Protein chains: 6
Amino acid sequence: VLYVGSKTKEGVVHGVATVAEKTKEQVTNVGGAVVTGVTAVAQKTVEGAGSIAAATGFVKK
Amino acid sequence: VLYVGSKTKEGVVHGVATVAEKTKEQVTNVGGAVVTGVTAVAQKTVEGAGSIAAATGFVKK
Amino acid sequence: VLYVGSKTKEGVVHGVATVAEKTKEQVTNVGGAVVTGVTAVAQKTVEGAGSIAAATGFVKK
Amino acid sequence: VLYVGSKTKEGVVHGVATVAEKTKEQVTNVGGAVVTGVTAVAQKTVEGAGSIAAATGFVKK
Amino acid sequence: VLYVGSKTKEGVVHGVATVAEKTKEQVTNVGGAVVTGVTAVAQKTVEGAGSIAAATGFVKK
Amino acid sequence: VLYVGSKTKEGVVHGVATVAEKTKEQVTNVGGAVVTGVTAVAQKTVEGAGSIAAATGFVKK
């Protein structure tokens, strides 16, 4: 059970913001979900052995 | 059980903000979920042996 | 059981801020979830033996 | 069992902030979740032998 | 069991702040969660033998 | 069992603050959770044999 209650008169929200002017490379990486709103809720469940999540910005070999 | 209650007149929110001007490389890396709002709630459950989370900025080889 | 109650008139919030100008390699890395709001709540559970979390900025091999 | 209550007229909050002008390499690494708000709450459970958390800035081999 | 109460007219809060100019390898590293707010609460539970947390700024091999 | 109470007219709070300019290898490592606020509390539970905290500034080999 999850309850979330919310009331708002004025709401200004910015989730993920990126600016890149003259850079050679820029990377913005997110492994899970991205969730944004004046009321914002996120849930996740994983079941079973040996589960893996491997969020990486970059690789050079 | 989780209860969250919230009431707001004026709310201003910034979650993840990145600026990069002349940098050769820039990386913003996030393993889990990213959740943002005037009211913001996040929950996660992982069950079973040997599970791995490996959030990495970069590798050079 | 967790209860969170919250009432606010004027509120301003910044979660993660990064700015980078003439730098060679800037990295902002986060292992868990990222949660930001006027009211902001985060919960996590992991069950079962030998689980590993390994949040790393970078590797040069 | 956790209870949190809060009332605020004016609130200004900054969680994690990083500035990088002319630096060669620069790392902000966080192992856990990051939680920020006019009211902010974080909870974590690990159950199981031999569990590891290894949050590291960088390695040069 | 924990109770926290809080009432605030004016609050200004800065969590983790980092600034760098001509520096070559500035690191900010944190092992646990980072929690910040006009009211701010953090709780952590580990249950099981052999459990390790090993938060490291850097290594040069 | 714990209780915490708080009423504040005006409060200005800085948690972990870092500045550096010409320095070669400045490191801000922290081995626990980082918690900061006009009211701020942190608690931690570790149960079972063999439990290790191994927070490290840096290693050179």
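- cryo-EM is the method the PDB entry lists for this structure, together with a resolution of 4.23 Å.

## Looking at the overall build of chain A
For step 1, the next point in the chain: Helix and strand content of chain A: 0 helices and 7 strands.
For step 2, the next point in the chain: Its helices and strands taken in sequence order, chain A reads β-β-β-β-β-β-β from the N to the C terminus.
For step 3, the next point in the chain: Computed over the C-alpha atoms, the radius of gyration of chain A is 17 Å, more than 25% above the 10 Å expected from 2.2 N^0.38 for a compact globule of 61 residues.
For step 4, the next point in the chain: Principal axes of the C-alpha set define a box for chain A whose edges measure 50 × 45 × 5 Å.
For step 5, the next point in the chain: Among the 61 residues that make up chain A, the fraction classed as buried is 15%.
For step 6, the next point in the chain: Distance from the positive charge centre (7 side chains) to the negative charge centre (4 side chains) of chain A: 3 Å.

## Quick notes on empty space enclosed by the protein
Summary: where empty space remains is shown by rolling a probe the size of a single water molecule over the atoms.
For step 1, the next point in the chain: Going through the model one piece at a time under the given rule, you end up with 2 cavities of 30 Å³ or more.
For step 2, the next point in the chain: A volume near 40 Å³ is recorded for the largest cavity.
For step 3, the next point in the chain: Forming the walls of the largest cavity are C:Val16, C:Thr28, C:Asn29, C:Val30, D:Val16, D:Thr28, D:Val30 and D:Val34.
For step 4, the next point in the chain: Going through the elements one at a time, β2 (25–30) of chain C together with β3 (25–30) of chain D are the ones with two or more residues in the lining of the largest cavity.

## Details of the sheet that holds strand β4 (residues 34–36) of chain E
For step 1, the next point in the chain: In space, the 6 strands of this open sheet follow the order β4(A)-β3(B)-β3(C)-β4(D)-β4(E)-β4(F), with parallel pairing throughout. Each edge of the sheet is formed by a strand with only one pairing partner; in this case those strands are β4 (34–36) of chain A together with β4 (34–36) of chain F. On average, each strand axis in the sheet is inclined to that of its neighbour by 0 degrees, with strand direction left out of account.
For step 2, the next point in the chain: Taken together, the 3 bridges between strand β3 (residues 34–36) of chain C and strand β4 (residues 34–36) of chain D define a ladder with parallel strand orientation.

## A few points about the layout of surface pockets
For step 1, the next point in the chain: Here the second largest pocket is characterised by a volume of approximately 450 Å³.
For step 2, the next point in the chain: Taken together, 22 residues make up the lining of the second largest pocket; nearest its centre are C:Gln43, D:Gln43, D:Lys44, D:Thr45 and E:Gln43.
For step 3, the next point in the chain: Put simply, the parts of the chain that give the lining of the second largest pocket at least two residues each are β4 (39–47) of chain B, β4 (39–47) of chain C, β5 (39–47) of chain D, β5 (39–47) of chain E together with β5 (39–47) of chain F.

## Looking at the interface of chain E and chain F
For step 1, the next point in the chain: Contacts between the two partners involve 61 residues from chain E, matched on the other side by 60 residues from chain F.
For step 2, the next point in the chain: Between chain E and chain F, roughly 4500 Å² of surface is buried when both sides are summed, and carbon and sulfur atoms account for 49% of that area.
For step 3, the next point in the chain: The tally of links from chain E across to chain F stands at 1 salt bridge.
For step 4, the next point in the chain: Counting the contacts that link chain E with chain F gives 62 residue pairs in polar contact.
For step 5, the next point in the chain: Looking at the side of chain E that touches chain F, the elements that each hand over two or more residues are β1 (2–4), β2 (7–20), β3 (25–30), β4, β5, β6 (52–53) and β7 (56–60) of chain E.
For step 6, the next point in the chain: Per-element tally for the side of chain E that touches chain F: the top contributor is β2(E), with 14 residues.
For step 7, the next point in the chain: In this sheet, strand β2 (residues 7–20) of chain F lies alongside β2(E) in parallel orientation, the contact comprising 12 bridges. Directly across from E:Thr8, in β2(F), lies its bridge partner F:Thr8.

## Looking at the side chain of B:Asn29
For step 1, the next point in the chain: Inspection of the secondary structure puts B:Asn29 in strand β2 (residues 25–30).
For step 2, the next point in the chain: Classification of B:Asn29 as buried rests on a relative accessible area of 0%.
For step 3, the next point in the chain: Engagement of the side chain of B:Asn29 in a polar contact is seen with the backbone oxygen of B:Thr56, the distance being 2.8 Å.
For step 4, the next point in the chain: Here B:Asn29 is in contact with A:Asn29, A:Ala55, A:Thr56, A:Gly57, B:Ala55, B:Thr56, B:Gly57, C:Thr28, C:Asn29 and C:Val30, once residues within four sequence places are set aside.

## Concerning the interface of chain B and chain A
Accessible area lost during the coming together of the parts is what is often quoted as the interface size.
For step 1, the next point in the chain: Every contact between the two is made by 61 residues of chain B and, on the other side, 61 residues of chain A.
For step 2, the next point in the chain: Carbon and sulfur atoms make up 49% of the area that chain B and chain A hide from each other, which totals about 4600 Å².
For step 3, the next point in the chain: Counting the surface chain B buries against chain A, the share from its top three residues, B:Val34, B:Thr36 and B:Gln43, is 10%.
For step 4, the next point in the chain: Here chain B and chain A share 1 salt bridge between them.
For step 5, the next point in the chain: Here A:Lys60 ties to B:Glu25 by a salt bridge, and the two come within 2.9 Å at their closest N and O atoms.
For step 6, the next point in the chain: Applying the counting criterion to the chain B and chain A interface returns 64 residue pairs in polar contact.
For step 7, the next point in the chain: Only β1 (2–20), β2, β3 (34–36), β4, β5 (52–53) and β6 (56–60) of chain B provide two or more residues apiece to the side of chain B that touches chain A.
For step 8, the next point in the chain: When grouped by side-chain class, the residues that make up the side of chain B that touches chain A number 27 nonpolar, 23 polar and 11 charged.
For step 9, the next point in the chain: In terms of strand pairing, strand β2 (residues 7–20) of chain A meets β1(B) through 12 bridges, oriented parallel.

## A short note on the nonpolar core
For step 1, the next point in the chain: Of all hydrophobic cores here, the largest spans 15 residues; its most connected members are B:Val35, C:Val35, D:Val35, E:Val35 and F:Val35.
For step 2, the next point in the chain: At the level of elements, β5 (39–47) of chain A, β4 of chain C, β5 of chain D together with β5 of chain E are the ones that each hand at least two residues to this core.
For step 3, the next point in the chain: Those residues in contact with C:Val35 that lie beyond four places of it in its chain are B:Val35, B:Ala40, B:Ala42, C:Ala40, C:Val41, C:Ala42, D:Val34, D:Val35 and D:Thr36.
For step 4, the next point in the chain: In this structure, B:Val4, D:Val41, E:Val41 and F:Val4 belong to the second largest nonpolar core, which totals 14 residues.

Definitions and limits used
- Residues numbered from 1 in each chain as written, not as in the entry; some residues may be left out.
- Chains lettered and ligands numbered in written order.
- Heavy atoms only, no water.
- Helix = DSSP H or I, 4+ residues; strand = E, 2+ residues; numbered from the N terminus.
- Rg over C-alpha atoms; globule rule 2.2 N^0.38 Å.
- Buried < 20%, exposed > 50% of the residue type's maximum accessible area, 1.4 Å probe, protein only.
- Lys, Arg positive; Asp, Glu negative; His and termini not counted.
- Charge placed at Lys NZ, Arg CZ, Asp CG, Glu CD.
- 1 Å grid on protein atoms, 1.4 Å probe; cavity = no way out; pocket = protein on both sides within 12 Å on 5 of 7 lines; lining within 4 Å.
- Points joined across faces, edges and corners; volume = space filled by probe spheres on them.
- Pairing = 2+ DSSP bridges.
- Axes fitted to C-alpha atoms, helices over the stretch in contact; angles between N-to-C directions.
- Contact = heavy atoms within 4.5 Å.
- Buried area = accessible area lost by both parts, 1.4 Å probe.
- Salt bridge = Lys/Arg side-chain N within 4 Å of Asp/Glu carboxyl O.
- Polar contact = N/O pair within 3.5 Å; in protein donor to acceptor, adjacent residues only side chain to side chain.
- Nonpolar A, V, L, I, M, F, W, Y, C, P; charged D, E, K, R; others polar.
- Core = buried A, V, L, I, M, F, W, Y, C linked by side-chain atoms within 4.5 Å.

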